[PDB]
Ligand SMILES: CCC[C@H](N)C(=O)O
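Here's a solo chain for you in structure tokens, the form deposited without the named molecule.
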């Protein structure tokens, strides 16, 4: 089967890498507001529905092409989504919106074994994001892979707390700690990037885009072979888990020092090594429209001893090297702006290995 990946570190053979082409700023609706830094709120308000800065997008395209060249050199087969104009305005019976991009394969696709699963998403501007990936998925389907699409939400107003009392990121953190998110439990919704894989155990977090109904859907769909565990963090990332708790090997995880895990003892009891990466050196002046400076730890493992890491973030490169992990340095500084690092910009389709348990 062309599709076969049970975790985040076995020898990578095939990967899907996203595109920066035609990326559009999403309209400033409540769920966008709840997943971005106040600093950028006026940018969303003014540029909503327009392309991201074209001079910036062009630099990202260049950086990503080079990343693909390096992947091919490292023996990895690269697939890319179809080019699409994300500015088209679509309309369902529940809402109207323009699209976002197909830059982050990790946000929408997740491979569990021989199965590729398309996440439902939770943003209105990402309702039709799966269209960029269908040519690839149908190809794998024709070659034997299982293909699943989690239930697509209506994304009607009921799925959101229109009046989410967030005036700043500190408020979101307080609300988050209270168990209050911009998304309700009206219907299942989730981004695939809120799940991180370790063989028979998958970890997920309830976030601004991934509700308990969405996690239960995954849990119920994957059982009995896979166990889905819910974990939480202090000052959690609004959406996605791969720049907070990035699992990099059998029993080894990178834990973001600013977002400590409440269930860290479960990992310590299992004898896992928790590594806290050095702080990011990315300029505070550099625009990160989504995500944060912690993209530095959003690494991609080519195998247990080869990591693709940012060329600029020397301190984390040095951490991997003292651990005997070969660093493959690639610069994606402008690509980061879109909200992702190496783990976000890819979706590992095939890794050489078997299904195993590491939590014991």
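Residue numbers count along the first chain shown, from 1.
There is another form of this protein, the form solved in complex with the named molecule, and it is not shown here; the text below is about that form.
Note on the partner interface in the bound PDB entry: the residue among 335, 295, 308, 34 having a heavy atom within 4.5 angstroms of the named molecule is 295. Residue-level contacts in the bound PDB entry: of 80, 259, 206, 200, one residue has a heavy atom within 4.5 Å of the named molecule, and it is 259. When contacts are judged by a 4.5 Å heavy atom cut-off, residue 12 does not count as touching the named molecule in the bound PDB entry. Contact annotation for residue 189: none of its heavy atoms lies within 4.5 Å of the named molecule in the bound PDB entry. For the chain shown alone, residue 23 is not a contact residue for the named molecule in the bound PDB entry, no non-hydrogen atom being within 4.5 angstroms. Although the partner is absent from this view, residue 242 contacts the named molecule in the bound PDB entry, with a non-hydrogen atom inside 4.5 angstroms. The candidate stretches are 169-177, 234-242, 87-95, 111-119, and the one lying within 4.5 Å of the named molecule in the bound PDB entry by heavy atoms is 234-242.
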